[PDB]
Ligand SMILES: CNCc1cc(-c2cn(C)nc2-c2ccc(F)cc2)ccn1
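Read the single chain below, which is given as structure tokens and is the form solved without this ligand.
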């Protein structure tokens, strides 16, 4: 009877993340299903324990899943996590690659806040993308959660807020489709880069696709050439100027700058209200 420590029965694979696979679990002790992350202990650079400490620093924030680091069982490090609902990439597909402007702005408000909270606890996420935001369950079905801290990194000192130095970091960490221009140029990531990636995620929702998507490491330069050759004003054309304004404000932030989260939220909130929408948490998937 294959269980993690007498408590959660292990089920089928339900996803991949950074640095391991995710499996379904059943808490016979409570009554809920859980997600179970497993990492093969045979590596010189194990990551699961580290990732679960970041989760522990983020507990109590809105939209942060609760986890439980259960240590090593033979060949695997185990971390039990709150099972949430579908990812935004999943919901985008239910909705046939179309989100209403209201839904995008409903998401923008929450995704900006999630990123702000992470930054408040001194980490940058480094892989902002639609698969790493999931809707909650039940009474939390209106709530956007952020997940996967396996590429996350401390960007400032916890007691003195000394920001990490500006330096060339030459590993592309994260998905290339949403990577900031600073990352394509080999610069260490900071808070500005999480938000620029959110800017691309938003326009991806609006367009259904990005101009650097289906491009035939050669492909990684192809994306970066195309991403830099494509001015912001062309990428966001035929959509409210606020998306262009968002993206320009992210690219113009200084490396160590504390982003103005209220400003970005207010761009979208004011456009939201001018269209007459109400923050009622009725997304496109709430009308089937």
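Positions refer to the first chain, counted from 1. So that the term is clear: the rigid core is the largest set of C-alpha atoms that superpose within 1.5 Å between two forms.
Averaging the C-alpha B factors as listed in the entry, name the stretch that ends up higher: 152-160 or 68-76. It is 68-76.
Which has higher Cα B-factors on average according to the PDB entry: 120-128 or 178-186? Averaging CA B-factors over each stretch, the winner is 178-186.
Highest Cα B-factor in the PDB entry belongs to which of 213, 87, 113, 197? Each of 213, 87, 113, 197 was compared by C-alpha B-factor; the highest is 213.
Among 35, 235, 253, 38, where is the Cα temperature factor highest, going by the PDB entry? That would be 235.
Which third of the chain does residue 61 land in by C-alpha B-factor: lowest, middle or highest? Answer is middle: the recorded C-alpha B-factor places it there.
Among all modelled residues of this chain, ranked by Cα B factor, put residue 25 in the bottom, middle or top third, i.e. lowest, middle or highest. Answer is middle: the recorded C-alpha B-factor places it there.
Compare the C-alpha B factor of residue 203 with those of the other modelled residues in its chain, then answer lowest, middle or highest third. For residue 203, the deposited C-alpha B-factor lands in the middle third.
Rank-wise, by C-alpha B-factor, drop residue 239 into the lowest, middle or highest third of its chain. Tercile = highest for this residue's CA B-factor.
If you rank every modelled residue in this chain by C-alpha B factor, which third holds residue 262: lowest, middle or highest? Tercile = middle for this residue's CA B-factor.
The same protein also has a form solved in complex with this ligand, omitted here; what follows describes it.
So which of 35, 247, 223, 235 gets a non-hydrogen atom within 4.5 Å of this ligand in the deposited bound form? Of the listed residues, the single hit is 35.
Taking 4.5 Å between heavy atoms as the contact cutoff, choose which of 147, 195, 201, 179 touches this ligand in the deposited bound form. If I apply the 4.5 Å criterion carefully, the residue I get is 147.
Among 72-80, 207-215, 110-118, 182-190, the region lying within 4.5 Å of this ligand in the deposited bound form by heavy atom distance: Partner-contacting stretch among the options: 72-80.
Find out whether any non-hydrogen atom of residue 55 is located within 4.5 angstroms of this ligand in the deposited bound form, and reply yes or no. Answer yes; at least one heavy atom of residue 55 falls within 4.5 Å of this ligand in the deposited bound form.
Does this ligand get within 4.5 angstroms of any non-hydrogen atom of residue 141 in the deposited bound form? It does not: once this ligand is placed as it appears in the deposited bound form, residue 141 has no heavy atom within 4.5 Å of it.
Examine residue 104 and determine whether its closest non-hydrogen atom to this ligand in the deposited bound form is within 4.5 angstroms. Result no; residue 104 lies far from this ligand in the deposited bound form.
Would you check, heavy atoms only and a 4.5 Å threshold, whether residue 266 touches this ligand in the deposited bound form? Contact check for residue 266: no, nothing within 4.5 Å of this ligand in the deposited bound form.
Shifts of 2 Å or more in the Cα, rigid core superposed between the shown form and the other one, apply to only one of 59, 252, 262, 43; name it. The one that shifts is 43.
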